[PDB]
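**Q** Okay, here's the structure, questions in a sec.
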Amino acid sequence: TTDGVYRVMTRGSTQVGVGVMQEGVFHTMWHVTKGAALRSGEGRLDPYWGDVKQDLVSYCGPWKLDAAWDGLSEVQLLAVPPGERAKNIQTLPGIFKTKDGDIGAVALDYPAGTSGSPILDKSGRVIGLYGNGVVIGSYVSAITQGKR
Amino acid sequence: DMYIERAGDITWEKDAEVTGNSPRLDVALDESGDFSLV
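Given below as structure tokens:
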């Protein structure tokens, strides 16, 4: 239940992704869990809200993360790769230009099991999750944020 | 059996590695959540 960044594991064991606990809600990407319930110790976390097009899901309650990239400043990916300590990677986002507006994007290419890692602004607020993107042959991830 | 394990606090780190470029890309997002270039 504690606030923090978490590995999402499956059963030998494999890391399939990452997520964020905040205000009693667990946040990750839909393609990581496909909405399956999650075990945490002796307890169970049930899905509450999810959307395939946004590629997001929340457990135990509604999506809580609402900060947004300011469009000018560097950010940090708090990457939690399989088998590696959580680590911060600072970068200046580029931009996905879409018919519905601009989305920040980070041109960082980590293992697939890093999907769901949070991207932070300088205040430490989560401005979105890593792991839904496009290939340009380097991968570029949208900064994917939900609605609170 | 999908399960979670805590990996850290959510904090900015002053001593972070810095890397990566900042491309400007035209993209479309389809109903399946997939981005493609335009």
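Sequences listed follow chains B and A, in order. Just so you know, the first sequence maps onto residues 18 to 28, 32 to 156, 159 to 170 in the deposited numbering. Position one of the second sequence corresponds to residue 50 (the deposited numbering), numbered consecutively onward. All C-beta atoms in this analysis are idealised placements derived from N, C-alpha and C, irrespective of residue type, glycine included.
#1: Does any residue of chain A have a CB that is nearer than 8 Å to the CB of B/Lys169?
#2: So B/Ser60 contacts chain A; which residues on that side make the cut at Cβ distance below 8 Å?
#3: Mind checking which residues open and close the beta strand (DSSP E) that includes B/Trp69?
#4: Is there a Cβ of chain A sitting closer than 8 Å to that of B/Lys84, yes or no?
#5: With a threshold of 8 Å on Cβ separation, who are the neighbours of B/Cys80 within its own chain once the five nearest residues in sequence on each side are excluded?
#6: Please classify B/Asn152 as buried or exposed, where buried requires at least 16 other C-beta atoms within 10 Å of its C-beta.
#7: Could you name the residues of the same chain whose beta carbon sits closer than 6 Å to that of B/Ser135, not counting the 5 residues immediately before and after it, in chain order?
#8: In chain order, what residues of the same chain have a beta carbon less than 7 Å from the beta carbon of B/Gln167, not counting five sequence neighbours either side?
#9: On the DSSP bridge assignment, give the partners of A/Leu78 in chain order.
#10: Looking only at DSSP bridge pairs, what is residue 17 of chain B linked to?
#11: For a contact defined as C-beta to C-beta under 8 Å, what are the partners of B/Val77 on chain A?
#12: Please list the residues of the stretch 102 to 113 of chain B that have a C-beta atom closer than 9 Å to any C-beta atom in chain A, keeping them in chain order.
#13: May I ask you to report which of helix, strand or coil DSSP gives B/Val52?
**A** Answer, in terms of the structure:
#1: Output row for B/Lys169: interface = no.
#2: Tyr52, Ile53
#3: 67 to 71
#4: So, not an interface residue.
#5: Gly44, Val45, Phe46, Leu65, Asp66, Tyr68
#6: buried
#7: Cβ neighbours of B/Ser135 beyond the five flanking positions: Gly37, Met49, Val52, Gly151.
#8: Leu85, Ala88, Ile147, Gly148
#9: A/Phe84
#10: There is no way to answer for residue 17 of chain B, as the model of chain B reaches only from 18 to 170.
#11: Taking a Cβ-Cβ threshold of 8 Å, none of the residues of chain A is close to B/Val77; the smallest such distance is about 12 Å.
#12: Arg105, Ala106, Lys107, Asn108, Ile109, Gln110, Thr111, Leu112, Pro113
#13: helix
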